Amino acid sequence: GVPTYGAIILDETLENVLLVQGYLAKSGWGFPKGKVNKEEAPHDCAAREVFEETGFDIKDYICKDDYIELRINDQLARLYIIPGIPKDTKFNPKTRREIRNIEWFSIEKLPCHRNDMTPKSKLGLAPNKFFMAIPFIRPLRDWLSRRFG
């Protein structure tokens, strides 16, 4: 699969993260990210996808070594960590045909796993609108503890 790049943007307090909500298959909440183009450097793809989805340019803030990367079903997703962005920043996507809404979420309230259905003796996981963000939440909380305390 083609690698994806984007950002985990936090506010000044470090307790909120910015998620975006797409449509249809991308109908839940997730970190802003997208597929890398031919010859495009990972930091440039992250800034482009982030600016396409939020209107906010992270180029002057990206730190090369500060990211979380996960391999999910043989697709690599790397989100550069971008703290300290004021909560009153005006985010607007470029294409409202792709992004429904953009919101800050409390990190501590976000789930870091989906729930089973052991109540119902049924296998699998219950739907959760934060499905795409979930895999990054525990690695983020651990990264913030290490790098900030």
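Each residue number is its position in the shown sequence, starting from 1.
As recorded in the PDB entry, 32-40 is the stretch of 98-106 and 32-40 with the greater mean C-alpha temperature factor.
Comparing 86-94 with 114-122, the higher mean C-alpha B-factor in the PDB entry belongs to 114-122. When the CA B factors of the chain's modelled residues are split into thirds, the value for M132 lands in the middle one. Among the modelled residues of its chain, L76 has a C-alpha B-factor that falls in the highest third, as given in the PDB entry.
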